[PDB]
Each structure stands twice: as structure tokens, then as C-alpha cells.
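**Student:** To start, I am sharing the structure in question, which I have written as C-alpha cells.
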Amino acid sequence: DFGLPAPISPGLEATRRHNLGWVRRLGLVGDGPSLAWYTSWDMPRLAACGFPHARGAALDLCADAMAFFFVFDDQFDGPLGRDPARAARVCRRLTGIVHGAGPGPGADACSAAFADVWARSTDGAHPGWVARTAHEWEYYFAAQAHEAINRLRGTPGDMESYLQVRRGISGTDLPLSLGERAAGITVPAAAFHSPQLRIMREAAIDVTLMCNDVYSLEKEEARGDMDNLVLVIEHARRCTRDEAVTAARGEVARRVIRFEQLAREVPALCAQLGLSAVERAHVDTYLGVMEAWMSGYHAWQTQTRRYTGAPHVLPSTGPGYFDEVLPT
Ligand SMILES: CC[N+](CC)(CC)Cc1ccccc1
Ligand SMILES: [Mg+2]
Ligand SMILES: [Mg+2]
Ligand SMILES: [Mg+2]
């Protein structure tokens, strides 16, 4: 019991078709085991449940971005994730794409897929959205090497260090930046940076990564992963696994409560700032984007085959992928 309500975009089926063609055309997913395994994740349902405001090509972008995140993530479940210098170099290649240097023809599948997601994301976007989201991507790519450092250390970090690494490797605020973009809204800066919306944005991202930590612990613990809230709590408190899971549930619940308490202040905040009716509408949609990411991510993770299937399809005795698609 995380304390989250149940959630979908009507573009689910069209996006399923588009996204299957996209991952195969780009070389992220092959034929056979990799395609079956990818399909079992149900990236279209994650997009439709996590981004219910997205329609048409906007939902396509959400599903393709998710596909990139998950395929790229799994490439570190192998030697790359025990090699911080190599991880830092591979991730520097991707960061160069973020800051404007496109990969060119014949780039590897991960570079090509990311370049496509990023170009589609920024096309027609407000410059303030582009600048913020570019730095979000930089954090995401740069954090991976620190997760590898922690694996070599073999102990979980303290809570502060766990949050600094885990917020990065989880994709930081990128799901919410994507949801804003896909909903076609631009949050007014005066509202975006209110203490209420800053705390809410941070809480929503923490909620989803902590919910994921609980559901993905089984597939991660056996690989020597250290940046998982359950392991962090257990190590810090010297408590039982059950006590640590219970505490993790409470960390999520307290953040949901804080989010909802602050959400109640948002109508009055928009009035204090003198926002226009359209601006208030965009803020209201942004609240729904955050609410839907929290509830939709969790709904998806209860139905996907990624977490129950991984230890059997890709046991910890081998890499967490069928094909190497990321040159190192
Ligand atoms: C955002 C997608 N992600 C992290 C990059 C792919 C592995 C899983 C994830 C989803 C939701 C919360 C935390 C992690
Ligand atoms: Mg990861
Ligand atoms: Mg992972
Ligand atoms: Mg996980």
C-alpha cells in the first residue's frame, strides 16, 4: 500500500504500432528474444497511463522516450555497470548530443534513438523548457557512472548520497518535462518556481523512483546494485528486510501527503500571482500531469512483465540484455 489512487490516453493502440516500428527501425530491439522481452514491458501502456494528457504524435514521443530510457538503462546491467570510467565516457557521448552536436549517419542505436527523441522534444518548445530539460538530460547521463562506483564499493550510500545518485539515474524530472511537453502546456515560470510547485515536482519524482525501488529490488539486488531505497534503509538502520520495506512505504506515503496538501494551495497561489485564465489552465494541467505520472507509473508497474520476468528471462548470472546495442 503506497497510498496512491488508480489512474489513460486514447492513443494507446496507435502508439503501440508506431513505437514497435520505431524501436526496430532504430536498432534498439531486434527480432526474437529481445523483441518478445521488449513487448512484455508494454511501453505503450506506460506512456498511455503515465501521460494520459498526451494525444497522437505526443504520445508517440512519450513511448519512444520511455523505450530509450529502458533499453539504455539495461545496457549497464553487465560489465559497463562495473566500469565507472567507461560509463562516464559512454555517457559523455550522449551528453554531447544534448548540447547540440548530433551524432550523424550510422550512429549506434542508442545515440540515434536519443537524438531523435531530443529533436522531437525540442521542436517548437519554449526556450525555457529546452534549457531546463537539457540540464535534466545531462544529470541523467552523468549520474550513471556514480551508480557504477557504488556497485564497486558494495555498500549502499547514506540517504543524502542515495538521493543524489538515484534522482539522476531514474531520469530526474524528465518524465514531468516530457509530460508538460506532450500536454502542449508551458508552465509559467512564476508558478513553476513557487515553493509549492517545486516541492510537488520533487515529491512526484521521488514517489515514482521509490515505488520502482520496491518493485525492482528483486532483479537489482542479485546484480549488486546499491542505489535502492530498501537497501539504503536496511543498511542505515540495521533493520530487517520487512522493516525496511515498511519504512520505504512510509517514505512514499509521506511524500504523497505533502504533495496533496500543497496541491490544495495552487488555486490561491495562481490568484496571488495574478496569472491569466489560460496560465491558470496550464498550471492546472501541470498538476494533473504530476498526479498522473505518480498514479500511472505505479499502475503500469503492477501489470508489466519487466519486474516479475527479469530474474527468469535474464538471470543475474549473465548480462541484463540479449544484445549489446551501446558501444563502449
Ligand atoms: C524513467 C524510466 N526508467 C528510469 C530511467 C527506466 C529504467 C525507470 C523508472 C521509472 C520510474 C521511476 C524511476 C525509474
Ligand atoms: Mg537504472
Ligand atoms: Mg534498471
Ligand atoms: Mg529499479
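A note on labels: chains of the C-alpha cells are A, B, ... as shown, every chain counts residues from 1, and ligands are counted from 1 in their shown order.
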DSSP on the backbone, helix (DSSP H, G or I) only: what residues of range 150-235 of chain A does that give? Format it as a short mmCIF file (atom, residue, chain, number, x, y, z; two decimals) with N, CA, C and O atoms, in the first residue's frame.
**Tutor:**
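The new file part_10.cif reads:
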```cif
data_model
loop_
_atom_site.label_atom_id
_atom_site.label_comp_id
_atom_site.auth_asym_id
_atom_site.auth_seq_id
_atom_site.Cartn_x
_atom_site.Cartn_y
_atom_site.Cartn_z
N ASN A 150 29.25 3.03 -6.93
CA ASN A 150 28.64 2.46 -5.73
C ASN A 150 28.60 0.94 -5.80
O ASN A 150 28.79 0.27 -4.77
N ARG A 151 28.38 0.37 -6.99
CA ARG A 151 28.43 -1.09 -7.12
C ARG A 151 29.80 -1.63 -6.73
O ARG A 151 29.89 -2.68 -6.07
N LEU A 152 30.87 -0.96 -7.14
CA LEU A 152 32.21 -1.41 -6.79
C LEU A 152 32.47 -1.28 -5.29
O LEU A 152 33.14 -2.12 -4.69
N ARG A 153 31.93 -0.23 -4.67
CA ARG A 153 32.07 -0.09 -3.22
C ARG A 153 31.34 -1.21 -2.50
O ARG A 153 31.82 -1.73 -1.48
N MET A 159 21.39 8.36 3.06
CA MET A 159 20.18 8.82 2.39
C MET A 159 20.47 9.97 1.43
O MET A 159 19.94 10.00 0.31
N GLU A 160 21.30 10.93 1.85
CA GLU A 160 21.57 12.09 1.01
C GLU A 160 22.28 11.69 -0.27
O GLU A 160 21.93 12.17 -1.36
N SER A 161 23.29 10.82 -0.16
CA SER A 161 24.03 10.39 -1.34
C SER A 161 23.19 9.49 -2.23
O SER A 161 23.29 9.55 -3.46
N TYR A 162 22.36 8.63 -1.62
CA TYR A 162 21.42 7.83 -2.41
C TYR A 162 20.52 8.73 -3.24
O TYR A 162 20.34 8.51 -4.44
N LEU A 163 19.95 9.77 -2.62
CA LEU A 163 19.05 10.64 -3.37
C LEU A 163 19.78 11.34 -4.51
O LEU A 163 19.24 11.47 -5.61
N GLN A 164 21.02 11.78 -4.27
CA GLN A 164 21.75 12.47 -5.33
C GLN A 164 22.03 11.57 -6.52
O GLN A 164 21.97 12.02 -7.67
N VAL A 165 22.34 10.30 -6.29
CA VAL A 165 22.60 9.39 -7.41
C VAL A 165 21.29 8.89 -8.00
O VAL A 165 21.11 8.91 -9.23
N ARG A 166 20.36 8.49 -7.14
CA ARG A 166 19.13 7.84 -7.62
C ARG A 166 18.23 8.82 -8.36
O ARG A 166 17.60 8.45 -9.36
N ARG A 167 18.14 10.07 -7.89
CA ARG A 167 17.33 11.04 -8.63
C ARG A 167 17.88 11.23 -10.04
O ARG A 167 17.10 11.34 -10.99
N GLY A 168 19.20 11.23 -10.20
CA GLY A 168 19.80 11.32 -11.51
C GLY A 168 19.54 10.10 -12.37
O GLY A 168 19.01 10.22 -13.48
N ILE A 169 19.89 8.91 -11.88
CA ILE A 169 19.82 7.73 -12.74
C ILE A 169 18.38 7.35 -13.08
O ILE A 169 18.15 6.69 -14.09
N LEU A 174 12.83 14.44 -15.88
CA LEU A 174 12.50 14.26 -17.30
C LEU A 174 11.10 13.73 -17.57
O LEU A 174 10.47 14.20 -18.53
N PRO A 175 10.55 12.77 -16.81
CA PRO A 175 9.17 12.35 -17.09
C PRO A 175 8.19 13.50 -16.98
O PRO A 175 7.24 13.59 -17.77
N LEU A 176 8.40 14.40 -16.03
CA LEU A 176 7.48 15.53 -15.91
C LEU A 176 7.72 16.57 -16.99
O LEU A 176 6.77 17.19 -17.47
N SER A 177 8.98 16.78 -17.39
CA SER A 177 9.22 17.68 -18.51
C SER A 177 8.60 17.14 -19.78
O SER A 177 8.01 17.89 -20.57
N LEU A 178 8.70 15.82 -19.98
CA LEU A 178 8.07 15.19 -21.14
C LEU A 178 6.55 15.31 -21.07
O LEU A 178 5.90 15.59 -22.09
N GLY A 179 5.97 15.11 -19.89
CA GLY A 179 4.52 15.20 -19.77
C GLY A 179 4.02 16.61 -20.03
O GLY A 179 2.97 16.80 -20.65
N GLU A 180 4.76 17.62 -19.55
CA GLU A 180 4.44 19.01 -19.86
C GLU A 180 4.46 19.24 -21.36
O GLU A 180 3.52 19.81 -21.93
N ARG A 181 5.54 18.81 -22.01
CA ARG A 181 5.68 18.99 -23.45
C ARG A 181 4.57 18.27 -24.21
O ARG A 181 3.97 18.83 -25.14
N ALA A 182 4.27 17.03 -23.81
CA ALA A 182 3.28 16.23 -24.51
C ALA A 182 1.86 16.75 -24.31
O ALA A 182 1.00 16.55 -25.17
N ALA A 189 6.79 30.55 -15.45
CA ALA A 189 7.94 30.43 -14.55
C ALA A 189 7.58 30.84 -13.12
O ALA A 189 8.06 30.22 -12.16
N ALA A 190 6.78 31.90 -12.97
CA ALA A 190 6.40 32.35 -11.63
C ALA A 190 5.67 31.26 -10.85
O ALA A 190 5.81 31.16 -9.63
N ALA A 191 4.89 30.42 -11.54
CA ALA A 191 4.24 29.30 -10.86
C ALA A 191 5.20 28.13 -10.70
O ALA A 191 5.26 27.52 -9.63
N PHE A 192 5.96 27.82 -11.76
CA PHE A 192 6.87 26.68 -11.76
C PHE A 192 7.81 26.73 -10.56
O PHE A 192 8.11 25.69 -9.96
N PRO A 195 7.38 27.76 -4.14
CA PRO A 195 7.80 26.67 -3.24
C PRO A 195 6.86 25.49 -3.32
O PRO A 195 7.30 24.33 -3.31
N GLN A 196 5.56 25.76 -3.52
CA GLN A 196 4.60 24.66 -3.62
C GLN A 196 4.90 23.77 -4.81
O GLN A 196 5.02 22.55 -4.67
N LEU A 197 5.01 24.36 -6.01
CA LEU A 197 5.23 23.52 -7.19
C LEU A 197 6.63 22.92 -7.23
O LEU A 197 6.81 21.84 -7.80
N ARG A 198 7.63 23.59 -6.66
CA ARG A 198 8.96 22.98 -6.62
C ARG A 198 8.98 21.76 -5.71
O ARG A 198 9.52 20.71 -6.07
N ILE A 199 8.36 21.87 -4.53
CA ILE A 199 8.27 20.73 -3.63
C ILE A 199 7.44 19.62 -4.27
O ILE A 199 7.79 18.44 -4.18
N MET A 200 6.32 19.98 -4.92
CA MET A 200 5.47 18.96 -5.53
C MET A 200 6.19 18.21 -6.64
O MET A 200 6.07 16.98 -6.75
N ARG A 201 6.94 18.92 -7.48
CA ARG A 201 7.69 18.29 -8.56
C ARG A 201 8.71 17.32 -7.99
O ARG A 201 8.83 16.17 -8.45
N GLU A 202 9.46 17.75 -6.97
CA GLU A 202 10.42 16.87 -6.32
C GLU A 202 9.74 15.67 -5.67
O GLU A 202 10.22 14.53 -5.79
N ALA A 203 8.60 15.89 -5.01
CA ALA A 203 7.90 14.79 -4.37
C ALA A 203 7.41 13.77 -5.39
O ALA A 203 7.50 12.57 -5.16
N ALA A 204 6.87 14.24 -6.52
CA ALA A 204 6.33 13.32 -7.51
C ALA A 204 7.41 12.42 -8.09
O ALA A 204 7.20 11.22 -8.27
N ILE A 205 8.58 12.99 -8.37
CA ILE A 205 9.69 12.21 -8.90
C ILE A 205 10.22 11.24 -7.84
O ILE A 205 10.51 10.07 -8.15
N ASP A 206 10.32 11.68 -6.58
CA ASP A 206 10.72 10.75 -5.52
C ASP A 206 9.71 9.61 -5.37
O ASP A 206 10.10 8.45 -5.21
N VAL A 207 8.41 9.91 -5.44
CA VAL A 207 7.40 8.87 -5.30
C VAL A 207 7.61 7.78 -6.33
O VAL A 207 7.63 6.59 -6.00
N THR A 208 7.78 8.15 -7.60
CA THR A 208 7.89 7.11 -8.63
C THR A 208 9.18 6.32 -8.51
O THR A 208 9.17 5.09 -8.67
N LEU A 209 10.31 6.97 -8.21
CA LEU A 209 11.54 6.19 -8.11
C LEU A 209 11.53 5.27 -6.90
O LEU A 209 12.09 4.16 -6.96
N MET A 210 10.89 5.69 -5.81
CA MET A 210 10.82 4.84 -4.62
C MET A 210 9.85 3.68 -4.82
O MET A 210 10.10 2.56 -4.37
N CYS A 211 8.72 3.94 -5.49
CA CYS A 211 7.83 2.85 -5.86
C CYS A 211 8.55 1.86 -6.75
O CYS A 211 8.42 0.63 -6.58
N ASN A 212 9.33 2.36 -7.71
CA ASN A 212 10.11 1.45 -8.55
C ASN A 212 11.13 0.67 -7.73
O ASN A 212 11.31 -0.53 -7.95
N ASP A 213 11.80 1.33 -6.77
CA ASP A 213 12.79 0.62 -5.96
C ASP A 213 12.18 -0.60 -5.29
O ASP A 213 12.81 -1.67 -5.24
N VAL A 214 10.96 -0.48 -4.77
CA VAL A 214 10.33 -1.61 -4.10
C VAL A 214 10.04 -2.73 -5.10
O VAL A 214 10.31 -3.90 -4.84
N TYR A 215 9.49 -2.38 -6.27
CA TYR A 215 9.08 -3.41 -7.22
C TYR A 215 10.26 -4.03 -7.96
O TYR A 215 10.16 -5.17 -8.42
N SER A 216 11.36 -3.31 -8.09
CA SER A 216 12.50 -3.78 -8.86
C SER A 216 13.63 -4.30 -7.99
O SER A 216 14.67 -4.70 -8.53
N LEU A 217 13.44 -4.36 -6.67
CA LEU A 217 14.51 -4.80 -5.78
C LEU A 217 14.97 -6.21 -6.12
O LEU A 217 16.18 -6.49 -6.11
N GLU A 218 14.04 -7.11 -6.43
CA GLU A 218 14.43 -8.50 -6.66
C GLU A 218 15.40 -8.61 -7.83
O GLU A 218 16.42 -9.30 -7.73
N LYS A 219 15.12 -7.93 -8.94
CA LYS A 219 16.02 -8.04 -10.08
C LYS A 219 17.31 -7.26 -9.89
O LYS A 219 18.30 -7.57 -10.56
N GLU A 220 17.34 -6.28 -8.99
CA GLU A 220 18.51 -5.44 -8.79
C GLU A 220 19.46 -5.98 -7.73
O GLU A 220 20.68 -5.89 -7.90
N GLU A 221 18.91 -6.52 -6.64
CA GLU A 221 19.76 -6.93 -5.52
C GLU A 221 20.77 -7.98 -5.96
O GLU A 221 21.95 -7.89 -5.63
N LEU A 229 16.21 2.29 -2.41
CA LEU A 229 15.82 2.81 -1.10
C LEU A 229 15.72 1.72 -0.04
O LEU A 229 16.07 1.93 1.12
N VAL A 230 15.21 0.54 -0.42
CA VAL A 230 15.09 -0.54 0.56
C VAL A 230 16.46 -0.92 1.11
O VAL A 230 16.64 -1.11 2.32
N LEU A 231 17.45 -1.05 0.22
CA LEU A 231 18.80 -1.39 0.67
C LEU A 231 19.41 -0.26 1.49
O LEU A 231 20.12 -0.52 2.47
N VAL A 232 19.14 0.99 1.12
CA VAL A 232 19.68 2.14 1.85
C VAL A 232 19.15 2.16 3.28
O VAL A 232 19.90 2.36 4.24
N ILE A 233 17.84 1.95 3.43
CA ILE A 233 17.23 1.97 4.76
C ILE A 233 17.76 0.81 5.60
O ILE A 233 18.12 0.99 6.77
N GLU A 234 17.79 -0.39 5.03
CA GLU A 234 18.27 -1.57 5.74
C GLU A 234 19.69 -1.36 6.26
O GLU A 234 19.99 -1.68 7.41
N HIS A 235 20.56 -0.81 5.41
CA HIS A 235 21.96 -0.61 5.75
C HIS A 235 22.12 0.47 6.81
O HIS A 235 22.92 0.33 7.75
#
```
**Student:** Nearest to ligand 2 among A:260, A:74, A:158, A:279, with distances taken over only C-alpha atoms and all ligand atoms: which residue is it?
**Tutor:**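 Of all the options, A:74 lies closest to ligand 2.
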**Student:** Go ahead and compute the interatomic distance for CA of residue 95 in chain A and CA of residue 124 in chain A, in Å to one decimal.
**Tutor:** 21.1 Å
**Student:** Point out the residue among A:285, A:317, A:111, A:75 with the least atom-to-atom distance to ligand 3, counting only C-alpha atoms and all ligand atoms.
**Tutor:** A:75
**Student:** Can you tell me how far CA of residue 313 in chain A sits from CA of residue 228 in chain A, in Å to one decimal?
**Tutor:**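 For CA of residue 313 in chain A relative to CA of residue 228 in chain A, the distance reads 21.6 Å.
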**Student:** Could you pull the residues within 10 Å of residue 16 in chain A, counting only C-alpha atoms, minus those fewer than 3 positions along the same chain, as a PyMOL selection string?
**Tutor:** chain A and resi 11-13+19-22+39+42-45+47-48+59-60+63-64
**Student:** Grab the residues selected above and save them as a compact mmCIF listing (two decimals), in the first residue's frame with C-alpha atoms.
**Tutor:**
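The result, written out as part_24.txt:
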```txt
# COMPACT_ATOMS: atom_id res chain seq x y z
CA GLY A 11 -3.69 6.98 -28.35
CA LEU A 12 -2.54 3.70 -26.77
CA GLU A 13 -3.14 1.43 -29.76
CA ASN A 19 6.59 2.53 -31.21
CA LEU A 20 7.09 -1.09 -32.31
CA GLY A 21 8.18 0.14 -35.72
CA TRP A 22 10.39 2.80 -34.15
CA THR A 39 6.93 -6.25 -25.90
CA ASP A 42 4.37 -2.76 -22.54
CA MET A 43 5.98 0.64 -23.08
CA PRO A 44 2.80 1.88 -24.84
CA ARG A 45 0.75 1.24 -21.70
CA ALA A 47 3.06 6.01 -21.85
CA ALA A 48 -0.75 5.97 -22.01
CA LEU A 59 2.01 10.01 -27.07
CA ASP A 60 4.35 8.51 -29.69
CA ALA A 63 6.51 5.92 -25.63
CA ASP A 64 9.70 6.36 -27.67
```
**Student:** Which residues are near ligand 2 in this structure, taking near to mean any atom at most 9 Å from a ligand atom and counting only C-alpha atoms and all ligand atoms? Format them as a ChimeraX atom specification.
**Tutor:** /A:69-70,72-74,76-77,144,147,166,169-171,227
**Student:** I need the residues from that last selection saved to file as a PDB file, in the first residue's frame (with C-alpha atoms), if you can.
**Tutor:**
```pdb
ATOM      1  CA  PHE A  69      15.237   5.025 -21.109  1.00  0.00           C
ATOM      2  CA  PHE A  70      14.574   1.333 -20.543  1.00  0.00           C
ATOM      3  CA  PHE A  72      19.672   2.313 -22.404  1.00  0.00           C
ATOM      4  CA  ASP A  73      19.245   1.538 -18.683  1.00  0.00           C
ATOM      5  CA  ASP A  74      19.590  -2.192 -19.217  1.00  0.00           C
ATOM      6  CA  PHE A  76      24.553  -1.046 -17.816  1.00  0.00           C
ATOM      7  CA  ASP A  77      23.415  -4.417 -16.344  1.00  0.00           C
ATOM      8  CA  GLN A 144      25.160   6.520 -14.346  1.00  0.00           C
ATOM      9  CA  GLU A 147      25.867   4.132  -9.667  1.00  0.00           C
ATOM     10  CA  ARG A 166      19.135   7.845  -7.622  1.00  0.00           C
ATOM     11  CA  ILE A 169      19.815   7.732 -12.742  1.00  0.00           C
ATOM     12  CA  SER A 170      15.990   7.492 -12.507  1.00  0.00           C
ATOM     13  CA  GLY A 171      15.688  10.195 -15.167  1.00  0.00           C
ATOM     14  CA  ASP A 227      21.064   2.621  -5.186  1.00  0.00           C
TER      15      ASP A 227
END
```
**Student:** One decimal, Å: what's the distance from CA of residue 302 in chain A over to CA of residue 8 in chain A, could you say?
**Tutor:** 15.2 Å
**Student:** Counting only C-alpha atoms, what is within 10 Å of residue 263 in chain A, bar same-chain residues fewer than 2 positions away, as a PDB file with N, CA and C atoms, in the first residue's frame?
**Tutor:**
```pdb
ATOM      1  N   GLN A 196       5.564  25.755  -3.519  1.00  0.00           N
ATOM      2  CA  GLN A 196       4.604  24.663  -3.618  1.00  0.00           C
ATOM      3  C   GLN A 196       4.896  23.774  -4.815  1.00  0.00           C
ATOM      4  N   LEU A 197       5.010  24.356  -6.009  1.00  0.00           N
ATOM      5  CA  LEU A 197       5.229  23.517  -7.185  1.00  0.00           C
ATOM      6  C   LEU A 197       6.632  22.923  -7.234  1.00  0.00           C
ATOM      7  N   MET A 200       6.321  19.976  -4.920  1.00  0.00           N
ATOM      8  CA  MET A 200       5.466  18.961  -5.535  1.00  0.00           C
ATOM      9  C   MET A 200       6.192  18.209  -6.641  1.00  0.00           C
ATOM     10  N   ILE A 257       1.275  12.623   0.743  1.00  0.00           N
ATOM     11  CA  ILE A 257       0.526  13.528   1.617  1.00  0.00           C
ATOM     12  C   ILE A 257       1.006  14.962   1.435  1.00  0.00           C
ATOM     13  N   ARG A 258       2.324  15.162   1.405  1.00  0.00           N
ATOM     14  CA  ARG A 258       2.857  16.509   1.226  1.00  0.00           C
ATOM     15  C   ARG A 258       2.430  17.080  -0.117  1.00  0.00           C
ATOM     16  N   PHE A 259       2.507  16.263  -1.170  1.00  0.00           N
ATOM     17  CA  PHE A 259       2.076  16.690  -2.497  1.00  0.00           C
ATOM     18  C   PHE A 259       0.629  17.161  -2.474  1.00  0.00           C
ATOM     19  N   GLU A 260      -0.247  16.385  -1.846  1.00  0.00           N
ATOM     20  CA  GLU A 260      -1.669  16.705  -1.893  1.00  0.00           C
ATOM     21  C   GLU A 260      -2.009  17.914  -1.033  1.00  0.00           C
ATOM     22  N   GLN A 261      -1.326  18.080   0.099  1.00  0.00           N
ATOM     23  CA  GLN A 261      -1.509  19.274   0.915  1.00  0.00           C
ATOM     24  C   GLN A 261      -1.132  20.532   0.139  1.00  0.00           C
ATOM     25  N   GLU A 265      -3.202  24.355  -2.254  1.00  0.00           N
ATOM     26  CA  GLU A 265      -2.840  25.769  -2.237  1.00  0.00           C
ATOM     27  C   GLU A 265      -2.694  26.370  -3.623  1.00  0.00           C
ATOM     28  N   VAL A 266      -2.722  25.557  -4.669  1.00  0.00           N
ATOM     29  CA  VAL A 266      -2.361  26.037  -6.000  1.00  0.00           C
ATOM     30  C   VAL A 266      -3.374  27.020  -6.587  1.00  0.00           C
ATOM     31  N   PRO A 267      -4.694  26.812  -6.453  1.00  0.00           N
ATOM     32  CA  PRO A 267      -5.620  27.844  -6.955  1.00  0.00           C
ATOM     33  C   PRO A 267      -5.357  29.214  -6.353  1.00  0.00           C
ATOM     34  N   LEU A 269      -2.579  30.299  -5.023  1.00  0.00           N
ATOM     35  CA  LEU A 269      -1.279  30.761  -5.490  1.00  0.00           C
ATOM     36  C   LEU A 269      -1.382  31.415  -6.865  1.00  0.00           C
ATOM     37  N   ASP A 284      -3.099  24.145 -13.941  1.00  0.00           N
ATOM     38  CA  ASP A 284      -3.989  23.057 -13.561  1.00  0.00           C
ATOM     39  C   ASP A 284      -3.628  21.772 -14.298  1.00  0.00           C
ATOM     40  N   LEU A 287      -0.503  20.249 -12.719  1.00  0.00           N
ATOM     41  CA  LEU A 287      -0.847  19.447 -11.549  1.00  0.00           C
ATOM     42  C   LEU A 287      -1.336  18.060 -11.953  1.00  0.00           C
ATOM     43  N   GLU A 291       0.180  14.385 -11.053  1.00  0.00           N
ATOM     44  CA  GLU A 291      -0.656  13.367 -10.422  1.00  0.00           C
ATOM     45  C   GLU A 291      -0.692  12.100 -11.255  1.00  0.00           C
TER      46      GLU A 291
END
```
**Student:** For each of A:23, A:314, A:245, A:62, take the minimum atom-to-atom distance to residue 1 in chain A, counting only C-alpha atoms, then give the residue where this is smallest.
**Tutor:**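 Among the listed residues, A:245 lies closest to residue 1 in chain A.
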**Student:** May I ask which of the residues A:326, A:299, A:142, A:58 is the closest one to residue 80 in chain A, counting only C-alpha atoms?
**Tutor:**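 Using only C-alpha atoms, the shortest distance to residue 80 in chain A belongs to A:326.
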**Student:** Go through A:118, A:51, A:307, A:321 one by one, measure the shortest atom-to-atom distance of each to ligand 4 using only C-alpha atoms and all ligand atoms, and give the residue with the smallest value.
**Tutor:**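 Smallest separation from ligand 4 among the options: A:307.
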**Student:** Write out as a list in words each polymer residue whose atoms come within 7 Å of residue 136 in chain A, counting only C-alpha atoms; drop sequence neighbours fewer than 4 positions from it.
**Tutor:** residues 132, 140, 172, 173 and 174 of chain A
**Student:** Show which residues sit within 12 Å of residue 119 in chain A, as number ranges by chain. Count only C-alpha atoms, and ignore same-chain residues fewer than 3 positions away.
**Tutor:** A: 61, 65, 97-103, 112-116, 122-125, 130, 134
**Student:** Would you put the residues from that selection into a file with C-alpha atoms, as an mmCIF file, in the first residue's frame?
**Tutor:**
```
data_model
loop_
_atom_site.group_PDB
_atom_site.id
_atom_site.type_symbol
_atom_site.label_atom_id
_atom_site.label_comp_id
_atom_site.auth_asym_id
_atom_site.auth_seq_id
_atom_site.Cartn_x
_atom_site.Cartn_y
_atom_site.Cartn_z
ATOM 1 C CA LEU A 61 7.115 10.726 -28.300
ATOM 2 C CA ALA A 65 11.354 8.291 -24.828
ATOM 3 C CA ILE A 97 24.011 15.215 -28.369
ATOM 4 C CA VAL A 98 22.079 17.038 -25.626
ATOM 5 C CA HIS A 99 24.086 20.219 -26.063
ATOM 6 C CA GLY A 100 23.751 20.343 -29.830
ATOM 7 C CA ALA A 101 26.255 18.012 -31.547
ATOM 8 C CA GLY A 102 24.095 15.495 -33.419
ATOM 9 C CA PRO A 103 25.580 12.024 -33.893
ATOM 10 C CA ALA A 112 20.387 7.643 -32.862
ATOM 11 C CA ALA A 113 17.307 6.975 -30.730
ATOM 12 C CA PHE A 114 18.219 9.661 -28.217
ATOM 13 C CA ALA A 115 18.955 12.206 -30.950
ATOM 14 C CA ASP A 116 15.524 11.542 -32.444
ATOM 15 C CA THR A 122 12.701 20.489 -28.576
ATOM 16 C CA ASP A 123 10.918 21.197 -31.886
ATOM 17 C CA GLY A 124 8.543 24.072 -31.149
ATOM 18 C CA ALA A 125 9.320 24.040 -27.419
ATOM 19 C CA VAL A 130 14.702 23.447 -23.632
ATOM 20 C CA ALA A 134 18.844 19.904 -21.437
#
```
**Student:** Between A:82, A:25, A:306, A:312, which residue has the minimum interatomic distance to ligand 1, considering only C-alpha atoms and all ligand atoms?
**Tutor:**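 Among the listed residues, A:306 lies closest to ligand 1.
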